[PDB]
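Single-structure report; data block below.
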Ligand SMILES: Cc1cc2nc3c(=O)[nH]c(=O)nc-3n(C[C@H](O)[C@H](O)[C@H](O)COP(=O)(O)OP(=O)(O)OC[C@H]3O[C@@H](n4cnc5c(N)ncnc54)[C@H](O)[C@@H]3O)c2cc1C
Ligand SMILES: Cc1cc2nc3c(=O)[nH]c(=O)nc-3n(C[C@H](O)[C@H](O)[C@H](O)COP(=O)(O)O)c2cc1C
Ligand code: SF4
Ligand code: SF4
Ligand code: SF4
Ligand code: SF4
Ligand code: SF4
Ligand code: SF4
Ligand code: SF4
Ligand code: SF4
Ligand code: FES
Ligand code: FES
Ligand SMILES: [Zn+2]
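Protein chains in written order, with my numbering: chain E, 149 to 383; chain U, 26 to 1203; chain Y, 18 to 135; chain B, 2 to 68.
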């Protein structure tokens, strides 16, 4: 039952973001053709991002769709602070994913970002260097999402908590065997079973950190240490 | 409409459009799990159990929300769906803090419902407790006498004071059952299958018991002269008397089991014969070959096996003892042999065990008792030689041993000590070091290395096809309840095999609490355990009389009342437990932080437990959408969400009306309704449909009982499936122990018990004396309005027999509708509320009748318009278009004048159908029309169809007459969807009025005050308690006869008090507020054996009235037909019931619009007083 | 789908949408005469026996063709309906050449089924 | 005190869809949401008390303890 057909008090409502409403008058005054000439074939126009983290120059950037992430990180963001190696970008926010260093050339686009697991989300790209540890980052955003759940459906209300304790056990080194398979199964079951988008995008960090940084988790749980040396319990 | 073609689980269905997948699967016998779905509420989507895989869609679709379309292929059991549901159930369990079955049940090898029958004992239901035992244990008394009771080692009351005497209680109820005729469970129809059981021991007899229940033909071949096994030829008489065993075996034989004794396998009968003439064979031969001493000289005369010696003793065969007896062993056999030898005249008996006291397999109590009797013990001593002189044993040489290292058991291994040897002088040596399966009996079978029969675990099947085994023959010597459990499991497996599909035993998964500690019970009251009566050692060491004696009934109830009720009360109706059993859920992997937020409450009806809440929201949605009170709500957000009442207040301090819908809709026992019994116990009840009698809405309900006690009440899913506080919770008076069951008559100025015949004779003679001395019309009959139609008609007949026209009720109000329309009845039915255009709810319609409030809420949601006329606030004012707060009937006169002024009355038709119109116009010609009256008249005139709902018990008759006038003027009477509906105060007010009880309280009181009425026959009313001013009026009666359920304050001043039974103990017919005739079924048999109709029929036969239920029903039907009221949904369709066949418009003077009156019905008044004392609403 | 509220012969019914009055009356134990109605065929309207009086409509409505709507009051035995059905039956009988019972049965005072047992 | 909420309840009257604004104003005034103030809001505006407590405890900005 959609808001366009039944929204506020049962009457049709159109709920849109601020950015699309801001893009509308430009579309009207310059015509649709001018707007459609910017961006890829799937995504037209420009998108706003909030560069932060270990980037040299944070803030708001309005980039055409399809501009490579490497260009945004280096050319616009000014590179990594203190000229350290660039590990991953936490794109989308607490419900986004960690796009790794080798996928730095995936163009900015809904389809191209989503094909890497992450989501466009709140356009908040958190640039991170090789110092940062992936388990803590995944546990950091999952904690926020678990705190921000509303608690209606079982998969998001209690599944996110089980994932958070699993991640905490992994980071503390006190994790039992079978933690990686159980965590992955829990994440894919929460993602495919939750009702709203806060649960379907809740395990996006974990999943992404299990697609590109599985070795980080494996060294965390087996060797009882982290290569990034950021977990306080392991330093 | 269009028929959509769908395919669910490879089965083509032609469903209707606009239906959800859940409804289609329900109506086509396809099971889809659901926890947060109710038909009366909009979809929620929380639990995510109803996910089904739809072809063409990538995501699993919820069956509770998705609507079936054309060409839909739905798979409700695909592996993706199963994995999704299993993960959801595991996630729900990860936050669940409950106990599906108490530790006592889990510790019992037979898994007997220990909590169930303990709680049934605490309620006085001994036969139900025995029946519950016999569902898993065919020998309550025998096993209760002889059992190490591991259940008491796991009893949670160990954490407070002392474990519950479960074995003693079971022995007590078994003795009670055996004292009278025993209990035989129902037997299924004969299946024509023959099963051969070899052995008459606990395992074989248990298999026979649980296979004869399935309808098979059972024959038990027993080698010994009498069945019983080691329960007879083992355990001695002072521990298990053989009369009890004989009685239990006779009970088993009463089920159709043919026990052929003296038949031995391999000697008298052959295994091939059994395999040929029988479908299945179950071998329960047991371990009947005592182990030899294993030392040189063990074959010398004077050395006898333990079980052989005990069999000789039990059979009264001559055995050769002496002054000196040695016993080698440490089990039950050794201790029994030692104590038997002590009682058989041996001067000294010494038991030699190779281990120490702590590692004795025998119970500590048995060893201590034997020490009291005079048995000596030598530990860490093992035999090595038998010193025999002339072929007879003179002594035995033992080698002292010491605890050296660990062993297979893991505790401690005894090893011999070199140079340590002791000679023990003994005329007799009894080797009781254990028993082994007799190889001769088990010929032609594959044997385990231990010597026992080898069977497939979980199926109890031997190497030979169709031959099963169990008991001591398979597991070796164990306790008797293990053999009984093996027999029961083998019986179930054998029944499955006979049906064709052999299925191994599957153990269910239970949710259990393992974090419990004694600090959780620091607040529980400490109660001493039941004392054990044990015979004196000196007097008992000489005879074979039983040592311990059975508890008394008082002690049994006091012991069973010590139970902590550890198991979940919702076990037999929990759906989460069913679903986690249906799926291979592994909860340990996802186990983590779990809330502990349950705090005890003082609400007498509803108990809420946050630890078992799956947050489906059903309670909130049903309190907000159906009931309309909105007393519950979500609190916090996320993992910390909790369902709480208004501001987290106790349920009594909120606006909750104690309807119990939240308890009835909860799936997982978090919200429950407390049972109306002495001790709470989770039992499998039986539900019977009956009709509530506490007001005229006539809500049907399912009363769930177990024995002669009512255990719960559930609403019927007819319309909104709702019950108010009365119907749901005031059924507690049925179990009330203050009910009188025998009549009382005045002897020496005090009421004392008598027989029914004498009491009814006294009643008849007193009434006849009053009639003779004071003439006709001198006896008043004040009958309650909760009686059936037949009882009211019989009371009218009796009043005619007594020549008295004073037939009335104190609950009856002055009638106005029969002087206007002709009949005092509701014109229309409850089914036209939904389809009417305007509803005028007058009085406390929603407050007094919560079900009617829900009906009005649903009708307004469907499109109706509600106008509430009252004096104070009403719950219906939220959705009312117009609300009027009035205190006088001048409002209705002004409304009539406003209707006349705006020409909203068609004077031609009204004058055609209603006499008395010009005088009504003259009466309303002078009143002043107010703004509210004008608005009300505009609303009424603009409505095509109108229904006036009047709370008869809170609205004065002047208001009813004025509303009837208003309906008649606007022509809203005698047509479909238009009319007036009176919600009567009691269950059968309409039926009582139709039968002839039509005298109000005021008339009867006036007649008494004048002195015209000198005697009263009050049937289930409480004039003294309800009204204080009536206390003087009742002082004017020469004779008072009371027929009441309880000894009320008005029954204590009577001359004869006759007991009545509840409405669940009396069958008959009642009449709803709209005139619908409903049936009162018999949920329970009458407690005193006499129904209300039976008592009144006896009293009437004393007057020469020959009647019964069928004759009275026929007369009632004829009476209803003569008034054109029988099975008529709308009244006055053809013409009104006045003799003129016209409406006599109500013309009168102004008066208060609403009145407040008491309740004179005994049970309703008592429950209202209870609710007021507890500060509850309704 | 929606549940329609109708009233047939002073009895409130909660029927389903897209149903004819004939189906609703059949499933609610209300007898409506019909001669040219079959469930597998489209409505015909020839015999005119299933006419019912619907409140708000001036003409009698065929129950085999009219669809139940919300707030429908149907009278299937009103004198107008009875007269219409009686006239239709008389018209049908006027062109009928048959013998319901043979003269042998009618001549017997006990009306024994002479043709039957013969 | 309860008169401090009198203007707020007067401004946001006539509609029971402005309960969150009233709760925020009460949170600003009293620095917390006392059960007596929530009771006063429930009585004055006509929204059910359970709804008030649910909307109050839903957000982390609303605290029910004195500061
Ligand atoms: C001395 C003693 C004391 C005990 N005390 C206790 C106690 O206090 N508490 C407790 O819980 N348990 C006690 N037990 C254990 C209990 O008695 C047995 O474990 C239980 O009876 C096992 O029963 P069963 O059916 O496996 O075999 P049994 O009862 O040992 O024998 C079953 C039947 O098989 C029959 N049978 C054998 N061979 C054949 C054949 N070839 N053909 C036909 N029928 C045959 C026998 O006649 C016998 O009737 C005691 C046992 C003994 C020996
Ligand atoms: C947890 C969660 C938070 C969201 N937050 C926002 C938000 O802050 N702004 C927004 O425009 N959409 C947000 N959305 C998405 C909205 O549900 C919805 O898709 C959006 O209003 C659509 O706007 P659009 O048509 O302009 O894309 C959020 C979704 C979820 C699941
Ligand atoms: S997934 Fe969405 S709807 Fe479900 S509990 Fe989380 S926030 Fe609430
Ligand atoms: S609520 Fe259900 S699942 Fe939970 S303990 Fe009780 S019976 Fe078991
Ligand atoms: S049979 Fe034994 S273990 Fe089972 S409940 Fe009775 S005493 Fe306890
Ligand atoms: S207290 Fe009652 S329910 Fe709990 S373990 Fe003991 S007998 Fe069983
Ligand atoms: S019992 Fe009280 S809280 Fe439960 S549904 Fe009824 S009114 Fe609401
Ligand atoms: S308490 Fe309410 S929300 Fe919790 S399980 Fe029961 S019905 Fe559902
Ligand atoms: S509304 Fe009346 S009939 Fe229904 S449950 Fe309550 S008292 Fe009984
Ligand atoms: S003659 Fe035959 S067809 Fe004609 S009405 Fe009689 S039975 Fe029917
Ligand atoms: S999601 Fe449909 S029943 Fe719960
Ligand atoms: S059945 Fe003949 S007209 Fe309808
Ligand atoms: Zn680390």
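We treat Cβ as the ideally placed atom computed from N, Cα and C, and that holds for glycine.
Item: With residue 1048(U) as the anchor, note down where its alpha helix (DSSP H) starts and where it stops.; Value: 1048 to 1051
Item: In three-state DSSP terms, what is residue 722(U)?; Value: coil
Item: Would you give the residue range spanned by the alpha helix (DSSP H) that residue 53(B) belongs to?; Value: 50 to 59
Item: Mind checking whether the beta-carbon of residue 741(U) lies closer than 6 Å to any heavy atom of ligand 1?; Value: no
Item: At the 7 Å Cβ level, is residue 298(E) part of the contact set with chain U, yes or no?; Value: yes
Item: Which bits of chain B does residue 660(U) rub up against, with CB to CB less than 7 Å?; Value: 54, 55 and 58
Item: What in chain U is Cβ-close to residue 90(Y), meaning under 9 Å?; Value: 1000, 1001 and 1002
Item: Alpha carbon to alpha carbon, how far is residue 499(U) from residue 477(U)?; Value: 5 Å
Item: Ligand 13 and residue 379(E): does the residue's C-beta get closer than 6 Å to at least one heavy atom of that ligand?; Value: yes
Item: Of all the residues that make up the segment 37 to 57 of chain Y, which are near chain U by a beta-carbon distance shorter than 9 Å?; Value: none
Item: In the DSSP assignment, what are the bridge partners of residue 403(U)?; Value: 377(U)
Item: Given that a residue counts as buried once 16 or more other Cβ atoms are within 10 Å of its Cβ, and exposed if not, what is residue 846(U)?; Value: buried
Item: Among all residues, which have a Cβ less than 5 Å from at least one non-hydrogen atom of ligand 4, and in what chain order do they fall?; Value: 123(U), 125(U), 536(U), 593(U), 596(U), 599(U), 601(U), 602(U), 637(U), 693(U) and 694(U)
Item: Give, in chain order, every residue of the segment 31 to 47 of chain B whose Cβ lies closer than 9 Å to some Cβ of chain U.; Value: 36, 39, 40, 43 and 47
Item: Check whether the Cβ of residue 681(U) lies closer than 6 Å to any heavy atom of ligand 9, and answer yes or no.; Value: no
Item: Which complete beta strand (DSSP E) runs does the segment 501 to 573 of chain U hold, if anything under 3 residues is left out?; Value: none
Item: From the DSSP output, which residues share a beta bridge with residue 424(U)?; Value: 407(U) and 446(U)
Item: Where are the beta strand (DSSP E) runs, 3 residues long or more, that stay fully inside the segment 678 to 753 of chain U, in chain order?; Value: 696 to 698, 711 to 716, 725 to 730 and 735 to 740
Item: In terms of residues, what are the limits of the beta strand (DSSP E) holding residue 32(U)?; Value: 28 to 33
Item: For residue 344(E) and chain U, any beta-carbon pair shorter than 7 Å?; Value: no
Item: For residue 851(U), which of helix, strand or coil comes out of DSSP?; Value: coil
Item: Measure the alpha-carbon distance for residue 1101(U) versus residue 1154(U) and round it to whole angstroms.; Value: 8 Å
Item: Mind checking the segment 845 to 872 of chain U against chain Y and listing, in chain order, the residues whose C-beta falls within less than 8 Å of any C-beta there?; Value: 854, 856, 857, 859 and 860
Item: Taking Cβ-Cβ distances shorter than 7 Å, what residues in chain U pair up with residue 27(Y)?; Value: 1001, 1154, 1155 and 1158
Item: For residue 222(E), does the three-state DSSP call read helix, strand or coil?; Value: helix
Item: Taking contact to mean at least 3 C-beta pairs separated by less than 8 Å, is the segment 346 to 360 of chain E in contact with the segment 279 to 290 of chain E?; Value: yes
Item: Along the chain, where does the alpha helix (DSSP H) that runs through residue 165(U) open and close?; Value: 165 to 170
Item: Is residue 691(U) near ligand 1, judged by its Cβ being under 6 Å from some heavy atom?; Value: no
Item: Would you mind stating whether residue 501(U) and residue 485(U) have Cβ atoms separated by less than 7 Å?; Value: no
Item: Taking C-alpha atoms, which residue in 194(U), 249(U), 412(U) and 293(U) lies nearest to residue 325(U)?; Value: 412(U)
Item: Between residue 73(Y) and chain U, is the shortest Cβ-Cβ distance under 7 Å, so that the two count as touching?; Value: no
Item: Could you check what DSSP says for residue 303(U) in three-state terms: helix, strand or coil?; Value: coil
Item: Using a Cβ-Cβ cut-off of 8 Å (strictly less than) and excluding sequence neighbours within five positions of residue 534(U), which residues of its own chain qualify?; Value: 605, 606 and 610
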